[PDB]
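# A structural walkthrough
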Amino acid sequence: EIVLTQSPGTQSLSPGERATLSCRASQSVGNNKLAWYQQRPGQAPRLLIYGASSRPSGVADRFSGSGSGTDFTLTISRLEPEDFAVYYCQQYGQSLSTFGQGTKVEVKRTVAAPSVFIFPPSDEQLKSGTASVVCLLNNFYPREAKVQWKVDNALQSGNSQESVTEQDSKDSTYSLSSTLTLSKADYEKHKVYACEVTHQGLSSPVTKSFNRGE
Amino acid sequence: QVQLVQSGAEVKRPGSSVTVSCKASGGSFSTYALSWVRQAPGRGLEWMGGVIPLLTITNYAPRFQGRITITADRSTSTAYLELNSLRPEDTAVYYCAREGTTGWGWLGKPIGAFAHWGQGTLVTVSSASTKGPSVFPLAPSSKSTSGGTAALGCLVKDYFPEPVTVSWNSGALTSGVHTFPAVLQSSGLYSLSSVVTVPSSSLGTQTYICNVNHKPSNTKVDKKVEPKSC
């Protein structure tokens, strides 16, 4: 089974620059049957290059593929705004076809610190026996950010979930939402609830907190 | 131009079997390879198998070998994917894809690569029951910077299955809105947050209502978010 490995995982470049994506095969891809696909959020994948270098009609001229054997390359001569998406390579030279794990091409912009907000559980929710505390990390770059929950200055672990938005089309920033979930019982067992945010645009970890019932 | 239309979203329980259809319209059905590709939420593409209708030759991926069945019906120009013994990790969007060609008809020339894709079909496998979400307010802080920026929103909690759409003020408020991807809680229910940043000066005058829509449960909820009266 031929294993395709794409590199890098994430490619951070500014618009107008030249993007080069790599697809490495574990063994030789017969007859150069290697394809590149683009996929945007909420959409089906789109064929960009087939036969390692051939390009279907309707596909922009800035997309070109090259390589043979085990080393293939997708080249975007000039990165347009709509080019920032996920790209997959695919071999179909055997009956058993496989995809690469994919490469994300994101817009590189100036580092931006996250605006941090914290939300206590509403009185309506507490009425149902559970408590969800939401920490918001608004409009930041780069995507890598760390969120730590502190209940009475005690580091929490395994009781929170987070999700990140797609990179914004206007300011190219990211937003993160961390939700700490407790039972109303365990929520009333403590007083101080804090979310600690560590980022690169931050010289020191930012902490937003509240006291239960204030 | 070739058009692939798949069947609607499916909700199944563990151990059951689902059948997704892919009706082809346009071009030639019998001579071109029809494949099935799935994609788990936030994950990559995964080739499941393919078939050339006219040859009745099916090729499966080893991971699905034994629980998967792919068929092509030349009488209706429709391909089928059948996946048995469903488990929660089978939850994904299932795409149908056909190889592209240079020319029309049977004497068309195949390129192998997937040039044509269906709209995709969400198959959710869980023990959970279809449930509309509870919408709780993420109230604006009473410590909001006077003159600066305030954040508020709604917590769309405990629903099944995906998806949920959220808008603000019936589509009137779009600037600064962030609807986060849903996470699958340990209870088997989904949950997401939709926030928006607004001027702090508007907090006591402007009305903010999040419009939560959950088509799978026929639930539509409008929640008003206001500062808390502390």
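- Header annotation of the entry names X-ray crystallography as the structure determination method and lists the resolution as 2.73 Å.

- Looking up chain B in the PDB entry gives the name 4E10 Fab heavy chain, with the organism given as Homo sapiens.
- Here the PDB entry title reads "Crystal structure of human 4E10 Fab in complex with phosphatidic acid (06:0 PA): 2.73 A resolution".

- Taking the PDB entry as the reference, chain A is identified by name as 4E10 Fab light chain belonging to Homo sapiens.

### Considering the environment of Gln11 of chain A
Residue and element names in this part refer to chain A.
- By the secondary structure assignment, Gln11 is in strand β2 (residues 10–13).
- Residue class for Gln11 comes out buried when judged on its relative accessible area of 18%.
- When the C-alpha atoms of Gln11 and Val86 are compared, they prove to be 9.8 Å apart, with 75 residues separating the residues in sequence.
- Once residues lying within four places of it in the same chain are set aside, the contact partners of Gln11 are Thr20, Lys104, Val105 and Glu106.

### Quick word on the sheet that holds strand β18 (residues 208–214) of chain B
All names here are of chain B.
- Ordered by their spatial adjacency, 3 strands build an open sheet running β14-β18-β19, and the pairing between neighbours is antiparallel. In this open sheet, the two edge strands, each paired with only one partner strand, are β14 (165–168) and β19 (219–225). Adjacent strand axes in the sheet meet at a mean angle of 20 degrees, parallel and antiparallel pairs treated alike.
- The sheet contact formed by β18 and β19 spans 7 bridges and is antiparallel. In the strand pairing of β19, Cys210 is matched with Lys223.

### Focus on the packing of aromatic side chains
- Throughout the structure, instances matching the rule amount to 12 aromatic pairs over all chains.
- Members of the aromatic cluster, each reached through a chain of ring pairs, are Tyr37 and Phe99 of chain A together with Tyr95, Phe114 and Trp117 of chain B.

### So, the nonpolar core
- One finds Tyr37 and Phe99 of chain A together with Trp36, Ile68, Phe114 and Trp117 of chain B to be the most contacted residues of the largest nonpolar core, which totals 42 residues.
- With 5 residues, strand β9 (residues 92–102) of chain B is the single largest residue contributor to this core.
- Ranked by size, the runner-up nonpolar core spans 24 residues in total, among them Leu4, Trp36, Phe72 and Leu79 of chain A.

### Here's the deal with the pattern of salt bridges
Residues and elements named next belong to chain B.
- One pass over the full model with this rule turns up 16 salt bridges over all chains.
- Among the ionic pairs, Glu89 bridges to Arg87, the shortest N-O distance being 3.2 Å.
- Taking relative accessible area as the criterion, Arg87 reaches 33% and is therefore assigned partly exposed.
- For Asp158, the salt bridge is made with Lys157, and the minimal N-O distance between the two is 3.8 Å. Neither residue differs from the other here; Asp158 and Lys157 are each classed as buried.
- Connected through salt bridges with shared partners, the residues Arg38, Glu46, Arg63, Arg67 and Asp90 form a single ionic network.

### What about the interface of chain B and chain A?
- Each side of the interface is counted separately: chain B has 42 residues, and chain A has 42 residues.
- Summed over both sides, the interface of chain B with chain A buries roughly 3,300 Å², with 65% coming from carbon and sulfur.
- Between the two partners, chain B and chain A, sit 2 salt bridges.
- A salt bridge links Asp123 of chain A to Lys228 of chain B, with the shortest nitrogen-to-oxygen separation between them at 3.7 Å.

### Focus: the sheet that holds strand β3 (residues 19–25) of chain A
Residues and elements named next belong to chain A.
- Sheet architecture is open: 4 strands sit in the order β1-β3-β7-β6, paired in antiparallel fashion. Edge positions in the open sheet fall to β1 (4–7) and β6 (63–68), since each of these has one partner strand only. Strand after strand, the sheet turns through a mean of 20 degrees between neighbouring axes, direction not considered.
- By the bridge criterion, 4 bridges tie β1 to β3 in an arrangement that is antiparallel. The residue bridging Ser7 from the neighbouring strand is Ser22, located in β3.

### Quick notes on the domain arrangement of chain B
All names here are of chain B.
- Domain annotation of chain B identifies domain 1 (1–123) and domain 2 (124–230).
- If you average the C-alpha positions of domain 1 and of domain 2, the two centres end up 36 Å apart.
- Each partner contributes residues to the interface: domain 1 has 12 residues there, and domain 2 has 8 residues.
- Where domain 1 abuts domain 2, roughly 780 Å² becomes buried across the two surfaces, and 57% of that area is made up of carbon and sulfur atoms.
- There are 0 salt bridges connecting domain 1 and domain 2.
- Inspection of the region where domain 1 meets domain 2 yields 5 residue pairs in polar contact.
- Among the elements of the structure, β2 (10–12) and β11 (121–125) are those that each provide at least two residues to the side of domain 1 that touches domain 2.
- Here the side of domain 1 that touches domain 2 gets 3 residues from one element, more than from any other, and that element is β2.
- Split into classes, the residues belonging to the side of domain 1 that touches domain 2 amount to 6 nonpolar, 1 polar and 5 charged.

Conventions we followed
- Residues numbered from 1 in each chain as written, not as in the entry; some residues may be left out.
- Chains lettered and ligands numbered in written order.
- Heavy atoms only, no water.
- Residues with missing side-chain atoms left out of burial classes, pairs and counts.
- Helix = DSSP H or I, 4+ residues; strand = E, 2+ residues; numbered from the N terminus.
- Buried < 20%, exposed > 50% of the residue type's maximum accessible area, 1.4 Å probe, protein only.
- Contact = heavy atoms within 4.5 Å.
- Pairing = 2+ DSSP bridges.
- Axes fitted to C-alpha atoms, helices over the stretch in contact; angles between N-to-C directions.
- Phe/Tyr/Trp six-rings, centres within 6.5 Å; stacked < 30°, edge-to-face > 60°.
- Core = buried A, V, L, I, M, F, W, Y, C linked by side-chain atoms within 4.5 Å.
- Salt bridge = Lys/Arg side-chain N within 4 Å of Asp/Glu carboxyl O.
- Buried area = accessible area lost by both parts, 1.4 Å probe.
- Domains from an automatic or database assignment.
- Polar contact = N/O pair within 3.5 Å; in protein donor to acceptor, adjacent residues only side chain to side chain.
- Nonpolar A, V, L, I, M, F, W, Y, C, P; charged D, E, K, R; others polar.

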